[PDB]
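Q: Pasting in a structure now, in structure tokens, and then I'll have a few things to ask.
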Ligand code: NA
Ligand code: NA
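Chains as they are written, first to last, in PDB author numbering: chain A, 4 to 54, 66 to 110; chain B, 4 to 60, 67 to 109.
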């Protein structure tokens with residue numbers, strides 16, 4: 004099982020997403036801070052909490079923010095997001 | 004070099020993006036309709052020009074608006090997307106992200 008670390012202040016979205024992922028293919032850890040101490044195949048992380067592969071969650075679009083994330087090698091999703099969207103992005107990313 | 008196919012009815016964004024790409028690393032083609040015909044490393048396609056029946060088996070789809078079902082549908086078909094607003098800098102960095 005691929006290891007997925009999900010970092011955010013709030014956890015509803017992430018709990019629901021975890022319930023949606025196949026438990027034989029993905030194992031989730033949830034945090035309120037990006038602990039670079041934890042090994043993970045993919046980190047999903049709120050932008051405000053950003054210090066492996068990382069998918070960044072943004073509240074709003076901003077060109078310079080977006081350009082910098084992509085140059086650093088991070089894909090991003092801009093709100094609004096749903097558990098189904100986040101589950102599908104995690105699957106797509108890990109399978110690719 | 005990598006091959007990027009660009010499918011759109013409004014070519015200005017794409018024109019400006021090619022100008023920013025290093026021509027020794029990337030060769031571009033731009034069209035108004037989606038051709039499975041061409042082999043490319045990455046396809047950037049406007050959603051309105053994306054055939055409904057296709058999926059993969067890189068494709069980046071460009072959306073005007075957010076719609077949840079549409080976003081879930083694209084990701085399940087194996088396509089990443091970008092919602093507007095979009096700029097040439099954003100497009101260039103995305104292309105490089107995928108192909109690096
Ligand atoms: Na499921
Ligand atoms: Na699960």
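Ideal Cβ placement from N, Cα and C applies to all residues, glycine included.
Helix or strand or just coil, what does DSSP make of residue 86(B)?
A: coil
Q: For residue 94(B), go through chain A and note every residue whose CB falls closer than 7 Å to its CB, in chain order.
A: 75
Q: Work out the CA separation of residue 87(A) and residue 16(A) for me, nearest whole Å.
A: 24 Å
Q: Since residue 22(B) is in the alpha helix (DSSP H), which residue starts that stretch and which ends it?
A: 15 to 23
Q: Would DSSP call residue 99(A) helix, strand or coil?
A: Helix, per DSSP.
Q: How would you list, in chain order, the residues of chain B whose beta-carbon sits under 8 Å from the beta-carbon of residue 108(A)?
A: Here the premise fails: no neighbours, minimum Cβ distance about 12 Å.
Q: Kindly confirm or deny that the stretch 5 to 14 of chain A and the stretch 38 to 48 of chain A touch, where touching means at least three C-beta pairs closer than 8 Å.
A: yes
Q: If you drop the 5 nearest sequence neighbours on each side, which residues of the same chain put their C-beta closer than 6 Å to that of residue 34(B)?
A: The answer, listed in chain order, is 10.
Q: What does residue 71(A) reach in chain B if we use C-beta pairs closer than 7 Å?
A: For the C-beta of residue 71(A), not a single chain B residue is nearer than 7 Å; the gap to the nearest is close to 14 Å.
Q: With a threshold of 7 Å, establish whether the CB of residue 124(A) neighbours any heavy atom of ligand 1.
A: One cannot answer for residue 124(A) here, as it falls past the ends of chain A, which runs 4 to 110.
Q: For residue 37(A), which of helix, strand or coil comes out of DSSP?
A: coil
Q: Using a threshold of 7 Å, is the CB atom of residue 23(A) nearer than that to any non-hydrogen atom of ligand 1?
A: yes
Q: What does the alpha-carbon distance come out to for the pair residue 28(B) and residue 85(A)?
A: 16 Å
Q: Just the C-alpha distance for residue 92(B) and residue 21(A), rounded to the nearest angstrom, thanks.
A: Each residue's alpha carbon lies about 25 Å from the other.
Q: Roughly how far, in whole angstroms, is the beta-carbon of residue 41(B) from the beta-carbon of residue 31(B), given that I think they are within contact range, below 8 Å?
A: Actually they are not in contact, since the Cβ atoms of residue 41(B) and residue 31(B) sit about 12 Å apart, beyond 8 Å.
Q: Just how far apart, CA to CA, sit residue 58(B) and residue 96(A)?
A: 22 Å
Q: Using 7 Å as the cut-off, classify the Cβ of residue 37(A) as near or not near the heavy atoms of ligand 2, replying yes or no.
A: Set against 7 Å, the gap from the CB of residue 37(A) to the closest heavy atom of ligand 2 is not smaller.
Q: Please list, in chain order, all residues of the same chain as residue 68(A) whose beta carbon is under 7 Å from its beta carbon, the five residues on each side excluded.
A: Excluding residues within five positions, the ones whose Cβ falls inside 7 Å are 46, 48, 88.
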